[PDB]
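All ligand and atom numbering here is 1-based and tracks the order in the structure. We number each residue from 1, following the sequence as shown.
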Amino acid sequence: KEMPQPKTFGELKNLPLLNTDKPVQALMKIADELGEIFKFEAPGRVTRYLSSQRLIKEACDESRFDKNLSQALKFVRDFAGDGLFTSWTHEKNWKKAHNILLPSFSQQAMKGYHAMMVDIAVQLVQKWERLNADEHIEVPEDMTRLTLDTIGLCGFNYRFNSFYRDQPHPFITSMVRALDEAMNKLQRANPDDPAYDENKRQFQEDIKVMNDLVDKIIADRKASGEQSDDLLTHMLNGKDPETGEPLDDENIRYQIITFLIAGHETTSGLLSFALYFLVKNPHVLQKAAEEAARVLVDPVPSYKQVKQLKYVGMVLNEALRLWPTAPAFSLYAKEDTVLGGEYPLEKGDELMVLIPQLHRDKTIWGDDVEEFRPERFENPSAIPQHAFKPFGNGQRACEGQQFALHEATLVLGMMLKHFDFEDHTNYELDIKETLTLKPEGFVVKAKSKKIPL
Ligand code: HEM
């Protein structure tokens, strides 16, 4: 079989189709037309975009395909280095960091981070409690303050103190601008044109800002010998079960940067989409709110209680089904192979899993894939294998998954315990794309239930 391909533009091939504010949504639109697989060419590059569970279940077979570093990840590596997210599976620092960080991100480790997550969650709730009657909430903006601060504290015991400022801490400003430059480079056919010399200067100084802050904290932590409940203490003390070495200081810095860039935006996007679907579906908001009130009975949520928020958990998964906030991941064929009995691949060929399309596969989910129905997830034993992949695949799946879900469940639970929410502008969904996806301009009003905190 021969595969479909969207509009080409001569020597730029398909590249101009993604010269847009919303390239992932462009790709979904193209998928809707072309089906489960289409070819997409840029100068010197070819990728095949997959949208059906039928084909993605094969792509997720690790004996046949491994994680690929996409152009985006290669660009992000200029500041994320050989951290877990931007490494090849067979790079020695991937294997070593994977072994060392595994118990730091396990469900048990969540008991240790819970107090610091609650610290920032309480800040977010207190902020909302202190709003005057005239005021509203900028939802993604606050969710991002919350996730950055949480990752800062659990990551390296550092307070960005985002709820104390109008202009973010300079580290955050530089990180956001480095990510932006990395995504922007995706569209640059002529990377080295003098027109970009200034982008380069700014990129290098942003990398410098990030490295100086993190390197300094690591160096001071080593000098002082101080110990804390953060990931930095784990990495300073952890010996690889295979090689018996700890991560060196430079890689520790990259893992810290990596937790921030891989975790802050995806998780805040998730909280934002979930709140959106809840105010667009009042029945569901009421069910979630009832559970939160029922379960979070203490002035401050315990680890055990968050684990009891089953329906909030379903709400989060159903938001991830519709708008998985890291919406695409890349794979390469380890050897020549034939995909789906129909599409021959050569060794090294690139595949891109388009998660939002997979999550809309009618042959899996049914007639009602656009509806927000948390009940799909009542019985996780019911979901076909490889049908639901918001956290990627296999040994290269999100290492942050337990952290992200525990933070999102705690926070969404506390929000629904403490406030009634009004969609006062009858907000029209508008999805901004950076490296990740989020609602843009999503605003609400929160009326306090006046429950002690
Ligand atoms: C809802 C929130 C999140 C989503 C949807 C998400 C999604 C993903 C996805 C799809 C991947 C696979 C990337 C690929 O195949 O190229 C990934 C990898 C990764 N994520 Fe997450 N992420 C989330 C939150 C977090 C958080 C909070 C952290 C850290 C605290 C984190 C850390 C990582 C790391 C370290 C990797 C690379 C793991 C490895 O390859 O060994 N993520 N994430």
Answer side chain, backbone, both or neither: which part of [X] comes under 4.0 Å from ligand 1, heavy atoms only.
X	value
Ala262	both
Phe391	both
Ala408	neither
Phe329	side chain
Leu101	neither
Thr325	side chain

Starting from [atom], find the nearest protein heavy-atom neighbour and note its residue, name and distance.
atom	value
atom 5 (C) of ligand 1	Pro390 O, 3.4 Å
atom 14 (C) of ligand 1	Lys67 NZ, 3.4 Å
atom 37 (C) of ligand 1	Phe85 CA, 3.6 Å
atom 40 (O) of ligand 1	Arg396 NE, 2.8 Å
atom 30 (C) of ligand 1	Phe105 CE2, 3.7 Å
atom 17 (C) of ligand 1	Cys398 CA, 3.5 Å
atom 23 (C) of ligand 1	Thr266 OG1, 3.2 Å
atom 27 (C) of ligand 1	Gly263 CA, 3.4 Å

Whether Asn68 lies under 4.0 Å from ligand 1, heavy atom: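 No, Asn68 has no heavy atoms under 4.0 Å from ligand 1.
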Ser330 touching ligand 1 at heavy-atom level, < 4.0 angstrom: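 The answer is no: ligand 1 sits nowhere under 4.0 Å from a heavy atom of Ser330.
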Cationic N near anionic O, under 4.0 Å, [X] to [Y]:
X	Y	value
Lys95	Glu242	no
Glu181	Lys185	yes
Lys310	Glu378	no
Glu318	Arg376	yes
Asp215	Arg253	yes

Partner of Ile217 by side chain to side chain contact (heavy atoms under 4.5 Å, CB included), out of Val214, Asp220, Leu213: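 The residue from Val214, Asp220, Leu213 that satisfies side chain to side chain contact (heavy atoms under 4.5 Å, CB included) with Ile217 turns out to be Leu213.
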Criterion side chain to side chain contact (heavy atoms under 4.5 Å, CB included) against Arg221, the qualifying member of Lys216, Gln227, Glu226: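 With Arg221 as partner, side chain to side chain contact (heavy atoms under 4.5 Å, CB included) holds for just one option, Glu226.
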Enter the distance from [X]:[atom1] to [Y]:[atom2] here, rounded to the nearest 0.5 Å.
X	Y	atom1	atom2	result
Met314	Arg321	CE	CZ	12.5 Å
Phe79	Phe203	CZ	CZ	5.5 Å
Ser104	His234	OG	NE2	4.5 Å

Geometric class of the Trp88/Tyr332 ring pair [parallel <30°, tilted 30-60°, perpendicular >60°]: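 Geometry flag for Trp88 against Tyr332: perpendicular rings.
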Whether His98 and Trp94 hold their rings parallel, tilted or perpendicular, with breakpoints at 30° and 60°: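 Answer is parallel, since the angle falls under 30°.
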Mark up the atoms of ligand 1 that fall under 4.0 Å of a heavy atom belonging to [X], in ascending order.
X	result
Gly392	10 (C)
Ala397	38 (C)
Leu73	16 (O)

Under 3.5 Å side-chain donor-acceptor pair for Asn393 and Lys389: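 Side-chain D/A pair, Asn393 to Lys389: present.
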Backbone or side-chain N or O of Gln395 under 3.5 Å from ligand 1 N or O: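 Looking only at distances, the answer is no, because the N/O contact criterion of under 3.5 Å is not met.
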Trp94 N/O to ligand 1 N/O under 3.5 Å: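 By distance alone, the answer is yes.
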